[PDB]
Protein chains: 2
Amino acid sequence: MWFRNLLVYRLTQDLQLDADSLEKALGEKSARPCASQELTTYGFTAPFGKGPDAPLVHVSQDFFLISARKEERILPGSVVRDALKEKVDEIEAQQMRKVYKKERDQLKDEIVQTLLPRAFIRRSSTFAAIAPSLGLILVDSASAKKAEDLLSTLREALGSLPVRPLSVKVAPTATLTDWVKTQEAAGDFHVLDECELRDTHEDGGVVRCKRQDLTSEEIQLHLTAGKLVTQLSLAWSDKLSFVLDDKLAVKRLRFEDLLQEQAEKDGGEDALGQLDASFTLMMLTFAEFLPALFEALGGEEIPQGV
Amino acid sequence: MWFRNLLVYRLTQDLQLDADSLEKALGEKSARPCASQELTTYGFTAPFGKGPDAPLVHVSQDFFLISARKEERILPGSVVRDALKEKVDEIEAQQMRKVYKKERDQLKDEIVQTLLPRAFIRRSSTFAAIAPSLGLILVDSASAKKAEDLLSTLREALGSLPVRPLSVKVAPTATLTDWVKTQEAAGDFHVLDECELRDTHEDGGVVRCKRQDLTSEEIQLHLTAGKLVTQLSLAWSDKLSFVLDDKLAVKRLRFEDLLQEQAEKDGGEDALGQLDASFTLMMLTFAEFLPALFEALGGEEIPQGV
């Protein structure tokens with residue numbers, strides 16, 4: 001279980017939690033199949049394994065792994081409109097009358113409800129972690145929206161979830177810019193070959209760099225021209241590489257082969273064994289990487305306007 | 001109608017072409033609804049005009065507008081796979097055995113056969129303009145594949161279609177790079193604020209700029225550093241604007257208001273009348289734009305006979 005995206009949240013109180021108290025709490029807001037006239041359903045499901053007996057929560061060295069599945073019937077607006085048109089055409093030919101705006105919007109609703117039951121279902125899962133030992137909650141997403149849903153749904157299956165989005169002392173963009181400007185980042189981090197530079201005004205310029213030597217005079221000119229680094233490729237030690245933007249979102253999280261081949265040797269031949277070891281070696285790697293990141297970004301922060 | 005993209009094709013020989021002769025032929029290759037067990041269909045349709053007796057070709061002077069429609073069933077690979085992991089369970093909890101490679105492979109074909117008929121349909125169009133008195137066929141698409149699909153069905157429908165994609169005497173990328181470098185484009189063309197730059201060497205880099213002044217030291221330094229212009233946002237005269245790539249694909253085609261408004265003031269009250277006017281005017285301006293484009297790019301590389 002190697003996360004691909006990371007969104008860090010601070011446990012403000014690190015209030016106690018039990019594997020049993022949690023597991024049955026998550027059952028109250030579980031995942032159910034989407035009804036025939038239902039657009040969407042959101043609820044927790046078994047992270048690993050699955051099968052009406054598989055646990056919603058998963059533990060290892062005091063680390064928990066939960067997951068919230070979402071079901072939504074796929075009914076593209078494209079399909080609706082084509083169906084609308086065909087019906088309208090049918091009425092005007094068979095009833096010899098013109099169907100106007102008001103009535104077509106009415107027939108639209110009628111069409112949506114006739115098509116839903118026939119709409120395939122899309123299943124998307126949003127994994128999250130809870131390391132009370134680290135005092136944080138880690139979501140495997142890039143979308144803050146999706147992260148809110150997971151946390152907002154966990155907020156119901158708990159009644160109380162004291163958590164705030166990670167925040168750093170110094171604005172990231174300033175820290176990222178400095179790193180590229182000076183061609184050196186905080187201890188152990190390495191500026192890779194990708195970034196996104198941009199002017200500060202809204203309709204300002206935007207420059208995207210792939211496979212670029214970020215130490216070239218070319219990049220420098222963008223910086224002295226006013227552009228700021230809003231996205232940056234970074235590696236940490238020799239453990240993993242990822243992309244960091246100016247909202248602290250960790251995207252394209254990729255752990256090195258050495259670490260993957262490693263953890264894969266703590267599960268041996270079975271599936272649940274291989275997964276458990278991965279979520280473990282990852283969480284353990286996160287224990288040293290995450291704090292080092294906070295220090296790299298110039299110390300973590302604690303807000304006031306709760 | 002106003003094209004949103006443009007790929008040009010040169011007729012390497014004279015095309016017989018009689019309106020009704022062409023209209024007849026396209027009917028032999030007309031669009032048809034998707035069979036409940038069918039994946040996709042592809043054929044011609046009335047570019048303008050609804051009803052089953054609406055013409056497949058629209059004539060304005062010596063310009064012929066045609067259209068190909070593709071119908072496709074929405075079978076998200078996602079739903080096809082999710083169906084198995086559900087089919088397998090039943091078998092394994094009742095037949096004291098595991099499901100293997102060739103078995104699952106079989107069950108997949110049966111799932112498809114069952115789900116296809118229930119799938120919603122997605123329809124998409126591609127308009128093509130045939131200008132005999134110019135020896136060109138203009139396809140309203142950014143994708144060369146889409147165009148080849150239109151040209152192939154047209155060749156199938158007509159018996160033969162002697163055309164080759166446009167090519168010019170000087171490497172486009174060299175010309176586009178030269179325009180940015182010298183800060184001057186060839187007559188009536190203007191360099192806008194967007195471009196894609198890329199290294200000459202293997203796995204080299206890519207720099208994408210938008211809302212950027214291409215005359216700034218930043219862009220200049222990228223070029224002296226070796227980057228080539230592979231895509232450039234341009235305006236022609238005061239009539240249109242577009243993005244030109246190094247494969248000669250004319251993308252994001254946009255016509256100026258005074259031009260579109262003029263087709264409205266010449267088209268009347270009815271839609272079809274508007275559609276005819278804009279189609280006419282578009283072709284009329286293309287007839288000025290295209291040759292000036294070829295010349296600007298160093299002249300067209302004319303395909304020689306034997």
Side-chain angles (χ1 to χ4, degrees), chain B residues 1-11 15 17 19 22-23 26 44-50 54-69 124-144 146-147 150-151 154 163 165-166 168 187-190 192 232-245 248-297 300:
Chain B
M1 73 174 283
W2 298 102
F3 279 15
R4 287 165 72 70
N5 291 290
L6 187 67
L7 281 176
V8 188
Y9 290 79
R10 166 66 60 184
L11 277 175
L15 202 62
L17 220 69
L22 173 71
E23 213 292 339
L26 309 182
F44 299 94
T45 17
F48 293 162
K50 185 173 62 61
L56 292 184
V57 41
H58 190 283
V59 178
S60 177
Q61 312 199 341
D62 36 7
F63 309 120
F64 301 92
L65 206 225
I66 70 175
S67 181
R69 178 189 284 151
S124 49
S125 294
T126 305
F127 294 74
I130 298 170
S133 307
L134 292 183
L136 308 174
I137 289 185
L138 312 181
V139 175
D140 177 16
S141 176
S143 167
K146 304 283 193 54
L150 177 299
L151 300 166
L154 174 60
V163 296
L166 170 71
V168 299
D188 286 353
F189 283 96
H190 305 283
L192 302 187
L232 190 54
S233 171
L234 299 155
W236 175 62
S237 186
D238 63 353
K239 311 202 155 307
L240 58 84
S241 73
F242 60 102
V243 181
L244 214 211
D245 71 10
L248 295 180
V250 169
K251 293 167 297 179
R252 206 197 298 164
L253 199 56
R254 242 91 298 195
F255 301 82
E256 297 305 313
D257 288 342
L258 282 310
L259 206 54
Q260 292 192 81
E261 276 167 31
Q262 190 191 302
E264 299 184 311
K265 183 182 187 180
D266 286 312
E269 266 286 4
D270 54 306
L272 227 185
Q274 296 287 69
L275 256 18
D276 177 80
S278 48
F279 171 61
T280 303
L281 189 56
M282 168 187 76
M283 293 304 292
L284 253 19
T285 90
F286 270 164
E288 277 206 274
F289 169 69
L290 259 19
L293 180 66
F294 303 159
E295 174 193 287
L297 295 170
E300 175 178 4

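Quick note on labels: first sequence line is chain A, next is B, and so on, each numbered from 1. Computed over heavy atoms, backbone and side chain alike; hydrogens, waters and symmetry mates excluded.
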Determine yes or no for a side-chain-to-main-chain donor-acceptor pair under 3.5 angstrom, with [X] supplying the side chain and [Y] the backbone.
X	Y	result
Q260(B)	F255(B)	yes
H58(B)	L56(B)	no
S60(B)	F63(B)	no
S278(B)	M1(B)	yes

Out of curiosity, [X] [atom1] to [Y] [atom2], how far, rounded to the nearest 0.5 Å?
X	Y	atom1	atom2	answer
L6(B)	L248(B)	CG	CG	10.5 Å
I130(B)	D62(B)	CD1	CG	12.0 Å
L290(B)	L134(B)	CG	CG	8.0 Å
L154(B)	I137(B)	CG	CD1	5.5 Å
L244(B)	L297(B)	CG	CG	6.0 Å
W236(B)	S241(B)	CH2	OG	12.5 Å

Taking the side chain as everything from C-beta on, heavy atoms only, tell me whether [X] gets closer than 4.5 Å to [Y].
X	Y	answer
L293(B)	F189(B)	yes
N5(B)	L253(B)	no
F294(B)	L166(B)	yes
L136(B)	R10(B)	yes
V139(B)	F127(B)	no
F44(B)	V57(B)	no
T280(B)	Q61(B)	yes

(request) Taking salt bridge (charged side-chain N to carboxylate O under 4.0 Å, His left out) as the test, write out the residues that go with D276(B), two or more places apart. (result)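 None.
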
* Judged by modelled atom types alone, do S141(B) and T126(B) share a side-chain donor-acceptor pair under 3.5 Å? -> no

task: Flag the pair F289(B) / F242(B) as yes when their ring centroid distance falls below 6.0 Å, and as no otherwise.
output: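 Between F242(B) and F289(B), which both carry aromatic rings, the centre distance is below 6.0 Å.
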
Nearest heavy-atom neighbours spanning [X] and [Y]:
X	Y	answer
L7(B)	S143(B)	CD1-O, 3.5 Å
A142(B)	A249(B)	O-CB, 4.4 Å
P55(B)	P47(B)	O-CD, 3.7 Å
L17(B)	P132(B)	CD2-CG, 3.3 Å
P291(B)	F286(B)	CD-O, 3.8 Å
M283(B)	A129(B)	SD-CB, 3.8 Å

**Report entry** Over 12 non-hydrogen atoms of neighbours within 6.0 angstrom of CZ in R4(B)
**Finding:** no

Is a salt bridge present between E288(B) and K239(B), judged by a nitrogen-to-oxygen distance below 4.0 Å?
->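 Result for this pair is no, no salt bridge flagged.
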
Give every residue pair that meets the salt bridge (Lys or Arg N to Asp or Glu O under 4.0 Å) criterion with at least one member in residues 248-262 of chain B, sequence neighbours excluded.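 Qualifying pairs: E194(B)-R252(B), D245(B)-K251(B).
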
Practice prompt. Tell me, with the steps shown, if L234(B) and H190(B) meet side-chain contact (heavy atoms from CB on, under 4.5 Å).
Written response: CA-CA 6 Å; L234(B) 299 155; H190(B) 305 283; over 6 Å; no

Q. Relative to each other, are the rings of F48(B) and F279(B) parallel, tilted or perpendicular (30° and 60° limits)?
A.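 Correct class here is perpendicular.
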
